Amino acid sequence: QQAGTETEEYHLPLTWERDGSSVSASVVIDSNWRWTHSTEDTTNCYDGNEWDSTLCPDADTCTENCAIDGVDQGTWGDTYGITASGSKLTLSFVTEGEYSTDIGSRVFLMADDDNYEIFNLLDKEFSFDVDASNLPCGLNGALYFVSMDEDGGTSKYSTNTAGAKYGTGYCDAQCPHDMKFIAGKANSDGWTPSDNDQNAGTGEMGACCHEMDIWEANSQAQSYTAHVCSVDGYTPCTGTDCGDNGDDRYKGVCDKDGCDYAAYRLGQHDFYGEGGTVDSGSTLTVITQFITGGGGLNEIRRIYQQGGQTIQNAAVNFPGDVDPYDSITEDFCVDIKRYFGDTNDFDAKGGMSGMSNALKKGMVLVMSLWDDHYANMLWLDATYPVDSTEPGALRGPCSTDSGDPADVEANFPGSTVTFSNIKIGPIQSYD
């Protein structure tokens, strides 16, 4: 995409800490949350959930004709409900303006005005504080990493002149087709509007890359998950390579399910939630350690702190069925997927070694707040598939009727997540 000039671009300042030093950085809104309009005037190229077929008769003409515009200082709060102060960042769920309503947001941490910050997580400990207390069943306040290009694609894709400055180039291990710009081009060929998301659709291309989810959570359930792909960084896909939901789920280049460590799913129901061992009703500190052996990732450990207490991760609780792992390791992924009858696409795509090489190449930090128009977040917090009664179905305490976006947007529009005190440094010992 090219950049429009109706609105100035301002990245919202945010401080974090890198190896003991304060870093005055900023965040940028993902291009998919922006206005896409004609280069000639204010006509929308992307209008509701379909592209204008005069402006966008094919993807090449659409990319020539259409621009993504800026988010200025006032737009962060008034349009997206996003605020920051010091090292604290708050995302909102439903923000109503006079003329449009925003649902959630996704942002990336910047190194400077034109480049995302690149994190090399191997043999490091990454931590942050989160308040998930204002996230009901069906919402997900997420902090994660993805193998995006540092410049958002400007150097590789000549028709992307907007770049990381305008939050371009998102990809993840779902190979999402809902991205409006992929490989510097409008994804308007073969566009189908969503039947239940009035803002979203899907195009022929998907945007694939490795993904390390540090935190997917609401007040009721939480997981961390490693997703590896068999391709090198940001990779546009079409057709079977995208591994689309359904019959092709395990046939594409990325592991959509990932190797997940979800304490409630692993038989530890009282560990995290309202009044849990880790209490979701107040701020908590999430510590993640990327442990190496011979320079390669072999374990992803989790420690929590809250109220000055150090809380070790809850171990797998299936006595007689699965060993009491308490971290993501190769053996955990193999044994738990055998137990849950899940296809081990994590190993098929390269397993812990492939994941180690992804991390070695560097990843971009993402924070987002969203609801789920595909599966109502039931995979995170309820039972999924909804009528399944075998090991691995039960994910959290929420009803299988919870999380419909129409319901949560109507009933909990004031939901928010606050992330703070983002930190990277050497691996520490905890007791």
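Just count from 1 along the sequence shown to find any residue number.
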Next on the checklist: Mean Cα B factor from the PDB record: higher for 157 to 165, or higher for 193 to 201?
Outcome noted: 193 to 201
Checklist entry - In the PDB record, does 14 to 22 or 415 to 423 carry the higher mean Cα temperature factor? => result 14 to 22
Item to check | Residue selected from 174, 282, 223, 188 by maximal Cα B factor | outcome: 282
Checklist outcome for this item: From the entry's CA B-factor values, the highest among 367, 28, 377, 398 is 398
Item to check | Third of the chain's Cα B-factor distribution that residue 317 belongs to, per the entry | outcome: middle
Item to check | Chain third (lowest, middle, highest) by recorded CA B-factor, residue given as residue 60 | outcome: highest
Item to check | Chain thirds of CA B-factor: placement of residue 363 | outcome: lowest
Checklist outcome for this item: residue 351: C-alpha B-factor third of its chain, per the entry, is the highest
Checklist entry - Going by what the PDB entry lists, where does residue 337 fall on CA B-factor within its chain: lowest, middle or highest third? => result middle
